[PDB]
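First comes one chain, alone, set out as structure tokens in the form solved without adenosine-5'-diphosphate.
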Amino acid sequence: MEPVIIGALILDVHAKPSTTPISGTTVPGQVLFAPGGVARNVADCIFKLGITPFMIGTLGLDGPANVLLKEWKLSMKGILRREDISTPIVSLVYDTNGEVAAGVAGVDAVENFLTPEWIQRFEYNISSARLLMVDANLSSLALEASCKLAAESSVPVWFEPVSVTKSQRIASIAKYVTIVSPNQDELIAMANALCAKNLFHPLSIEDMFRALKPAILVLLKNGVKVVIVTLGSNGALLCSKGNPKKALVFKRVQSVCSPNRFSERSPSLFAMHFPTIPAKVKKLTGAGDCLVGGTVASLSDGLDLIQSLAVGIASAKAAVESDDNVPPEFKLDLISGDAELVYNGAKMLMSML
């Protein structure tokens, strides 16, 4: 009952300049190819954590596809390859921060060729899936087809907003979505999209949460059960409608991250903050994807959402310390240790909605 991952397979071009990038000319630095795309990264992360995912995507019969598939050890029956299709490419120019200064995509092969027609071939896989994860690179039509299959079989759906623009695609599928994982810009865009108007616009944790609470409520009322807001270096917010456990390799995590840790019996809005762990950043790209991958893998292994999120945040830290979007391997003892640190450090927010 493998988790099913649907979305983009992208060849990433990462340009980290030695000095500050200046207009009108090139500056010295390093430029690397990295296997990318939210869905590909999530699948890769889940696999390296010891769970086999099923990948549904589309690739070309070109050079970039041959880079992405060189060391691909998962099934490829879910991957649509034809010659008319041009493999998606994202080109990023970083700053010295490790943040993106300028990026271009690059990815309309996904919206045009990862169709409902292709996804419906795998109705059994989605139906029997432990979890369905879709990224917003999919078209509204593909997202509808995907999410309606999982809902039919009562399979929980994870929607990754990918960007501010593409996050608005939550609008037509919100009912079917169980979990979303936006940052604070994407959360705002999603809230605006469901509100049909531009009602929301993009410090301490209780300030940030109080500022995002109206936007979070919008998503919850539109049928989303769990909203995970990634706050980068100040961790993540886990917000859910009802008890977070009721909303939906790792027996180490189950041991040390006790499910009996949190005494709190079913609120309309549940909120708690997860801290992140200090890390030696080489590239922040892929951090969010590994959070999702780490979380899905744990949920797929029978852990609850609170335990799974800690694993996700652990995986995110490992990812920023690599020059890949997803690290070449995961060290389980490191993953478990970091997860416990995050888990034990998780605190609850907020007595009347």
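Residue positions are given as counts along the sequence shown, with the first one as 1.
The form solved in complex with adenosine-5'-diphosphate exists for this protein as well; it is not shown, and the discussion that follows is about that form.
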Item to check | Shown-form site status with respect to adenosine-5'-diphosphate as positioned in the bound PDB entry after superposition (2.4 Å backbone/C-beta criterion, 3+ atoms) | outcome: open
Checklist entry - Tell me which of 298-306, 56-64, 43-51, 284-292 has residues with heavy atoms within 4.5 angstroms of adenosine-5'-diphosphate in the bound PDB entry? => result 284-292
Checklist entry - Could you tell me if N183 has a non-hydrogen atom within 4.5 Å of adenosine-5'-diphosphate in the bound PDB entry? => result yes
Checklist entry - According to a 4.5 angstroms non-hydrogen atom cut-off, is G235 in contact with adenosine-5'-diphosphate in the bound PDB entry? => result yes
Item to check | Partner proximity in the bound PDB entry: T276 to adenosine-5'-diphosphate, non-hydrogen atom cutoff 4.5 Å | outcome: yes
Checklist entry - With a 4.5 Å heavy atom cut-off, would you call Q168 a contact of adenosine-5'-diphosphate in the bound PDB entry? => result no
Next on the checklist: Within 4.5 Å, heavy atoms only, which of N125, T230, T178, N192 is in contact with adenosine-5'-diphosphate in the bound PDB entry?
Outcome noted: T230
Next on the checklist: Within 4.5 Å of adenosine-5'-diphosphate in the bound PDB entry, counting any non-hydrogen atom, which residues from 307-321 show up?
Outcome noted: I313, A316, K317, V320
